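Everything below belongs to query_21.pdb, which stores PDB, C-alpha atoms.
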ATOM      1  CA  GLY A   1      19.695 -69.802 -48.336  1.00  0.00           C
ATOM      2  CA  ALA A   2      16.681 -71.943 -47.449  1.00  0.00           C
ATOM      3  CA  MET A   3      18.667 -74.897 -46.103  1.00  0.00           C
ATOM      4  CA  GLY A   4      16.892 -78.253 -45.758  1.00  0.00           C
ATOM      5  CA  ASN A   5      14.347 -77.186 -48.403  1.00  0.00           C
ATOM      6  CA  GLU A   6      16.364 -76.308 -51.506  1.00  0.00           C
ATOM      7  CA  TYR A   7      13.578 -74.969 -53.721  1.00  0.00           C
ATOM      8  CA  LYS A   8      13.619 -76.018 -57.377  1.00  0.00           C
ATOM      9  CA  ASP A   9      13.066 -73.765 -60.393  1.00  0.00           C
ATOM     10  CA  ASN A  10      11.358 -71.078 -58.281  1.00  0.00           C
ATOM     11  CA  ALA A  11      13.413 -68.036 -59.256  1.00  0.00           C
ATOM     12  CA  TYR A  12      11.255 -64.894 -59.128  1.00  0.00           C
ATOM     13  CA  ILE A  13      12.067 -61.156 -59.108  1.00  0.00           C
ATOM     14  CA  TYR A  14       9.984 -58.103 -58.205  1.00  0.00           C
ATOM     15  CA  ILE A  15       9.731 -55.358 -60.829  1.00  0.00           C
ATOM     16  CA  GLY A  16       8.597 -51.855 -59.790  1.00  0.00           C
ATOM     17  CA  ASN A  17       8.636 -48.312 -61.178  1.00  0.00           C
ATOM     18  CA  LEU A  18       7.611 -49.552 -64.641  1.00  0.00           C
ATOM     19  CA  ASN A  19       5.792 -47.611 -67.357  1.00  0.00           C
ATOM     20  CA  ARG A  20       1.991 -47.903 -67.266  1.00  0.00           C
ATOM     21  CA  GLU A  21       1.868 -48.549 -71.010  1.00  0.00           C
ATOM     22  CA  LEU A  22       4.556 -51.172 -70.483  1.00  0.00           C
ATOM     23  CA  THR A  23       3.158 -54.518 -71.693  1.00  0.00           C
ATOM     24  CA  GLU A  24       4.330 -58.123 -71.362  1.00  0.00           C
ATOM     25  CA  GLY A  25       6.046 -57.900 -74.743  1.00  0.00           C
ATOM     26  CA  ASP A  26       8.072 -54.885 -73.641  1.00  0.00           C
ATOM     27  CA  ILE A  27       9.048 -56.582 -70.381  1.00  0.00           C
ATOM     28  CA  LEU A  28      10.069 -59.757 -72.174  1.00  0.00           C
ATOM     29  CA  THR A  29      12.207 -57.803 -74.623  1.00  0.00           C
ATOM     30  CA  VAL A  30      13.890 -55.832 -71.847  1.00  0.00           C
ATOM     31  CA  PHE A  31      14.763 -58.939 -69.816  1.00  0.00           C
ATOM     32  CA  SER A  32      14.926 -61.151 -72.913  1.00  0.00           C
ATOM     33  CA  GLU A  33      18.722 -60.797 -73.244  1.00  0.00           C
ATOM     34  CA  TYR A  34      19.246 -60.569 -69.488  1.00  0.00           C
ATOM     35  CA  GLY A  35      17.749 -64.052 -69.058  1.00  0.00           C
ATOM     36  CA  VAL A  36      14.436 -64.302 -70.897  1.00  0.00           C
ATOM     37  CA  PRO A  37      11.734 -65.726 -68.503  1.00  0.00           C
ATOM     38  CA  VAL A  38       9.387 -68.599 -69.344  1.00  0.00           C
ATOM     39  CA  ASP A  39       6.388 -66.825 -67.803  1.00  0.00           C
ATOM     40  CA  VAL A  40       5.344 -63.273 -66.832  1.00  0.00           C
ATOM     41  CA  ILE A  41       2.876 -62.496 -64.013  1.00  0.00           C
ATOM     42  CA  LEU A  42       1.124 -59.105 -63.825  1.00  0.00           C
ATOM     43  CA  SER A  43      -0.850 -58.014 -60.767  1.00  0.00           C
ATOM     44  CA  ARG A  44      -4.335 -56.616 -61.431  1.00  0.00           C
ATOM     45  CA  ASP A  45      -7.036 -55.130 -59.199  1.00  0.00           C
ATOM     46  CA  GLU A  46     -10.143 -57.304 -59.407  1.00  0.00           C
ATOM     47  CA  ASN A  47     -12.106 -54.228 -58.367  1.00  0.00           C
ATOM     48  CA  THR A  48     -11.098 -52.350 -61.547  1.00  0.00           C
ATOM     49  CA  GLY A  49      -7.881 -53.842 -62.918  1.00  0.00           C
ATOM     50  CA  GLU A  50      -6.326 -51.983 -65.848  1.00  0.00           C
ATOM     51  CA  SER A  51      -3.376 -50.717 -63.805  1.00  0.00           C
ATOM     52  CA  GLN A  52      -0.931 -53.107 -62.090  1.00  0.00           C
ATOM     53  CA  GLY A  53       1.888 -51.454 -60.129  1.00  0.00           C
ATOM     54  CA  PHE A  54       3.495 -54.866 -59.601  1.00  0.00           C
ATOM     55  CA  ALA A  55       4.806 -57.666 -61.826  1.00  0.00           C
ATOM     56  CA  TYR A  56       6.815 -60.897 -61.463  1.00  0.00           C
ATOM     57  CA  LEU A  57       8.455 -63.178 -64.062  1.00  0.00           C
ATOM     58  CA  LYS A  58      10.022 -66.639 -63.729  1.00  0.00           C
ATOM     59  CA  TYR A  59      13.718 -66.926 -64.660  1.00  0.00           C
ATOM     60  CA  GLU A  60      15.180 -70.077 -66.205  1.00  0.00           C
ATOM     61  CA  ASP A  61      18.239 -69.771 -63.943  1.00  0.00           C
ATOM     62  CA  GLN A  62      18.357 -68.305 -60.438  1.00  0.00           C
ATOM     63  CA  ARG A  63      21.922 -67.161 -61.118  1.00  0.00           C
ATOM     64  CA  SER A  64      20.917 -65.375 -64.308  1.00  0.00           C
ATOM     65  CA  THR A  65      18.654 -63.168 -62.208  1.00  0.00           C
ATOM     66  CA  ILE A  66      21.809 -61.438 -60.983  1.00  0.00           C
ATOM     67  CA  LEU A  67      22.467 -60.086 -64.477  1.00  0.00           C
ATOM     68  CA  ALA A  68      19.143 -58.275 -64.890  1.00  0.00           C
ATOM     69  CA  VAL A  69      19.302 -57.138 -61.288  1.00  0.00           C
ATOM     70  CA  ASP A  70      22.729 -55.506 -61.341  1.00  0.00           C
ATOM     71  CA  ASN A  71      21.983 -54.401 -64.903  1.00  0.00           C
ATOM     72  CA  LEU A  72      18.457 -52.939 -64.660  1.00  0.00           C
ATOM     73  CA  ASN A  73      19.074 -51.812 -61.051  1.00  0.00           C
ATOM     74  CA  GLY A  74      18.699 -48.030 -61.033  1.00  0.00           C
ATOM     75  CA  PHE A  75      18.646 -48.105 -64.833  1.00  0.00           C
ATOM     76  CA  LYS A  76      16.597 -45.272 -66.344  1.00  0.00           C
ATOM     77  CA  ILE A  77      13.919 -46.195 -68.890  1.00  0.00           C
ATOM     78  CA  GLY A  78      11.337 -43.697 -70.144  1.00  0.00           C
ATOM     79  CA  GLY A  79      12.366 -41.287 -67.384  1.00  0.00           C
ATOM     80  CA  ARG A  80      11.680 -43.938 -64.721  1.00  0.00           C
ATOM     81  CA  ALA A  81      14.295 -45.869 -62.743  1.00  0.00           C
ATOM     82  CA  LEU A  82      13.664 -49.630 -62.630  1.00  0.00           C
ATOM     83  CA  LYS A  83      13.588 -51.297 -59.203  1.00  0.00           C
ATOM     84  CA  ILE A  84      14.662 -54.956 -59.260  1.00  0.00           C
ATOM     85  CA  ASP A  85      14.443 -57.105 -56.124  1.00  0.00           C
ATOM     86  CA  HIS A  86      14.252 -60.769 -55.129  1.00  0.00           C
ATOM     87  CA  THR A  87      10.788 -62.168 -54.345  1.00  0.00           C
ATOM     88  CA  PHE A  88       9.716 -64.562 -51.579  1.00  0.00           C
ATOM     89  CA  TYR A  89       6.198 -65.585 -52.607  1.00  0.00           C
ATOM     90  CA  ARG A  90       5.454 -69.064 -54.004  1.00  0.00           C
ATOM     91  CA  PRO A  91       3.475 -69.873 -57.238  1.00  0.00           C
ATOM     92  CA  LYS A  92       0.041 -71.508 -57.223  1.00  0.00           C
ATOM     93  CA  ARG A  93       0.361 -74.908 -55.559  1.00  0.00           C
ATOM     94  CA  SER A  94      -0.362 -77.995 -57.683  1.00  0.00           C
ATOM     95  CA  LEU A  95      -0.634 -81.434 -56.058  1.00  0.00           C
ATOM     96  CA  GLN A  96      -0.762 -83.855 -59.012  1.00  0.00           C
ATOM     97  CA  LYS A  97       2.277 -85.236 -60.829  1.00  0.00           C
ATOM     98  CA  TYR A  98       4.337 -84.033 -57.872  1.00  0.00           C
ATOM     99  CA  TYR A  99       2.899 -87.042 -56.046  1.00  0.00           C
ATOM    100  CA  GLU A 100       5.626 -89.216 -57.578  1.00  0.00           C
ATOM    101  CA  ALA A 101       8.088 -86.773 -56.010  1.00  0.00           C
ATOM    102  CA  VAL A 102       7.005 -88.047 -52.591  1.00  0.00           C
ATOM    103  CA  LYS A 103       9.742 -89.884 -50.675  1.00  0.00           C
ATOM    104  CA  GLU A 104      13.373 -90.051 -51.790  1.00  0.00           C
ATOM    105  CA  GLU A 105      12.698 -91.800 -55.094  1.00  0.00           C
ATOM    106  CA  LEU A 106      16.148 -90.835 -56.420  1.00  0.00           C
ATOM    107  CA  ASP A 107      18.370 -88.911 -54.003  1.00  0.00           C
ATOM    108  CA  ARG A 108      21.455 -90.371 -55.678  1.00  0.00           C
ATOM    109  CA  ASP A 109      19.994 -93.838 -55.154  1.00  0.00           C
ATOM    110  CA  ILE A 110      19.442 -93.240 -51.443  1.00  0.00           C
ATOM    111  CA  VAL A 111      22.941 -91.824 -50.989  1.00  0.00           C
ATOM    112  CA  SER A 112      25.078 -94.382 -52.819  1.00  0.00           C
ATOM    113  CA  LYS A 113      28.199 -93.018 -51.130  1.00  0.00           C
ATOM    114  CA  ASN A 114      26.350 -93.575 -47.849  1.00  0.00           C
ATOM    115  CA  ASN A 115      28.076 -91.981 -44.846  1.00  0.00           C
ATOM    116  CA  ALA A 116      31.365 -90.500 -46.043  1.00  0.00           C
ATOM    117  CA  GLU A 117      33.965 -92.755 -47.666  1.00  0.00           C
ATOM    118  CA  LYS A 118      34.722 -96.221 -46.297  1.00  0.00           C
TER
ATOM    119  CA  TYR B   1      46.570 -59.354 -62.554  1.00  0.00           C
ATOM    120  CA  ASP B   2      44.211 -56.926 -60.818  1.00  0.00           C
ATOM    121  CA  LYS B   3      41.119 -56.295 -62.931  1.00  0.00           C
ATOM    122  CA  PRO B   4      40.273 -52.613 -63.785  1.00  0.00           C
ATOM    123  CA  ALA B   5      36.625 -53.005 -62.785  1.00  0.00           C
ATOM    124  CA  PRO B   6      33.939 -55.693 -62.081  1.00  0.00           C
ATOM    125  CA  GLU B   7      31.663 -56.949 -64.863  1.00  0.00           C
ATOM    126  CA  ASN B   8      29.188 -59.663 -65.823  1.00  0.00           C
ATOM    127  CA  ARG B   9      30.626 -63.193 -65.713  1.00  0.00           C
ATOM    128  CA  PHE B  10      27.782 -65.206 -67.265  1.00  0.00           C
ATOM    129  CA  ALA B  11      27.723 -64.126 -70.915  1.00  0.00           C
ATOM    130  CA  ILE B  12      24.245 -65.397 -71.755  1.00  0.00           C
ATOM    131  CA  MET B  13      23.628 -65.088 -75.494  1.00  0.00           C
ATOM    132  CA  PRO B  14      20.602 -62.970 -76.665  1.00  0.00           C
ATOM    133  CA  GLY B  15      17.399 -64.459 -78.139  1.00  0.00           C
ATOM    134  CA  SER B  16      15.105 -63.572 -81.038  1.00  0.00           C
ATOM    135  CA  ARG B  17      12.463 -62.418 -78.554  1.00  0.00           C
ATOM    136  CA  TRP B  18      14.885 -59.590 -77.748  1.00  0.00           C
ATOM    137  CA  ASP B  19      13.566 -58.008 -80.948  1.00  0.00           C
ATOM    138  CA  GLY B  20      17.129 -56.678 -81.267  1.00  0.00           C
ATOM    139  CA  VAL B  21      16.236 -53.372 -79.597  1.00  0.00           C
ATOM    140  CA  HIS B  22      18.965 -51.306 -77.942  1.00  0.00           C
ATOM    141  CA  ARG B  23      19.311 -52.212 -74.234  1.00  0.00           C
ATOM    142  CA  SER B  24      22.157 -50.792 -72.119  1.00  0.00           C
ATOM    143  CA  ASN B  25      22.884 -51.004 -68.400  1.00  0.00           C
ATOM    144  CA  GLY B  26      26.499 -49.858 -68.075  1.00  0.00           C
ATOM    145  CA  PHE B  27      29.077 -47.933 -70.095  1.00  0.00           C
ATOM    146  CA  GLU B  28      31.580 -50.684 -69.293  1.00  0.00           C
ATOM    147  CA  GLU B  29      29.770 -52.663 -71.998  1.00  0.00           C
ATOM    148  CA  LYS B  30      32.302 -51.027 -74.311  1.00  0.00           C
ATOM    149  CA  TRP B  31      34.818 -53.537 -72.975  1.00  0.00           C
ATOM    150  CA  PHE B  32      32.843 -56.498 -74.299  1.00  0.00           C
ATOM    151  CA  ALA B  33      32.484 -54.780 -77.667  1.00  0.00           C
ATOM    152  CA  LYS B  34      36.244 -54.260 -77.884  1.00  0.00           C
ATOM    153  CA  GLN B  35      36.860 -57.962 -77.271  1.00  0.00           C
ATOM    154  CA  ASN B  36      34.380 -58.911 -79.984  1.00  0.00           C
ATOM    155  CA  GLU B  37      35.867 -56.262 -82.282  1.00  0.00           C
ATOM    156  CA  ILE B  38      39.357 -57.633 -82.974  1.00  0.00           C
ATOM    157  CA  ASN B  39      40.869 -57.481 -86.482  1.00  0.00           C
ATOM    158  CA  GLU B  40      44.533 -57.481 -85.411  1.00  0.00           C
ATOM    159  CA  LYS B  41      46.444 -60.159 -83.506  1.00  0.00           C
TER
END

Whole structure given in structure tokens:
Amino acid sequence: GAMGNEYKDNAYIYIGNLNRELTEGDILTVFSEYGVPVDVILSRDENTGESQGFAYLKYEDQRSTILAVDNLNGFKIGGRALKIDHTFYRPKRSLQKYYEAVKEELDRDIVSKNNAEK
Amino acid sequence: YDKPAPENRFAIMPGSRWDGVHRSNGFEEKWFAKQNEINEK
């Protein structure tokens, strides 16, 4: 599970087979109980837009994503079965405050326990 | 004791944003309702 990298709050899920009229509010309400996300991303065609066909929302907890998945997986809504799946894409990169994250600033005080117990 | 069937472990409480609209995913949900609905013990 991405060993040596351990990504932070980067939990994202792919939502397909959704109603065209389905808006962000509807999506939030549906997933609201099943782990309401802090942000919703909707794909749009720059050529025309309007339609999406793809959408991704950020979950507060990566473990909570299991709920909506096993819950809305194959679930029928409006005559359409929802298709939930784990994503793999990363959000827009931002090199600013993350600068302070450079080097093991914390890391349990540079591994206080050191190498195993004395 | 062997459980009758698998279910959700993390019981995350609902939020206001949920609007309070009906949202179901499994009939087993009846089990959770029964636990919450206890007037005899």

Margin query: Within 6 Å of chain B, which residues belong to chain A? Use all atoms listed in the file and report them as a list in words.
Written below: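 Selected residues: residues 29, 32, 33 and 71 of chain A.
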
Notebook entry, point to check: Which residue, A:85, A:39, A:50, A:60, has the smallest gap to residue A:22 when you use only C-alpha atoms?
Noted result: A:50

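Applied to the shown file, the PyMOL selection byres ((chain A and resi 56) around 9) selects the residues residues 12, 13, 14, 15, 39, 40, 41, 42, 43, 54, 55, 57, 58 and 87 of chain A.
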
Next item on the list: Grab the atom CA of residue A:88 to atom CA of residue A:106 distance for me, in Å with one decimal place.
Entry: 27.5 Å

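Taking atom CA of residue A:34 and atom CA of residue A:65 as endpoints, the distance between them is 7.8 Å.
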
Next item on the list: Measure the distance from atom CA of residue A:6 to atom CA of residue A:104 in Å and round it to one decimal.
Entry: 14.1 Å

Margin query: As a check of understanding, name the residues that the PyMOL selection byres ((chain A and resi 81) around 12) selects in the supplied structure, as number ranges by chain.
Written below: A: 15-19, 71-80, 82-84; B: 25

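Closest approach to residue B:6 among A:61, A:5, A:70, A:23: A:70, based on all atoms listed in the file.
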
Next item on the list: To verify the selection step, state as number ranges by chain which residues the PyMOL selection byres ((chain A and resi 10) around 8) yields on this input.
Entry: A: 7-9, 11-12, 58-59, 62, 90

File of the preceding selection, C-alpha atoms, as a PDB file, keeping the file's coordinate frame:
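Below is the file selection_5.pdb, written as the result:
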ATOM      1  CA  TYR A   7      13.578 -74.969 -53.721  1.00  0.00           C
ATOM      2  CA  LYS A   8      13.619 -76.018 -57.377  1.00  0.00           C
ATOM      3  CA  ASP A   9      13.066 -73.765 -60.393  1.00  0.00           C
ATOM      4  CA  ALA A  11      13.413 -68.036 -59.256  1.00  0.00           C
ATOM      5  CA  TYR A  12      11.255 -64.894 -59.128  1.00  0.00           C
ATOM      6  CA  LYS A  58      10.022 -66.639 -63.729  1.00  0.00           C
ATOM      7  CA  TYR A  59      13.718 -66.926 -64.660  1.00  0.00           C
ATOM      8  CA  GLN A  62      18.357 -68.305 -60.438  1.00  0.00           C
ATOM      9  CA  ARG A  90       5.454 -69.064 -54.004  1.00  0.00           C
TER      10      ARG A  90
END

Item checked: A:47, A:52, A:94, A:64 ranked by distance to residue A:35, top pick (using all atoms listed in the file) ->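 Counting all atoms listed in the file, the residue closest to residue A:35 is A:64.
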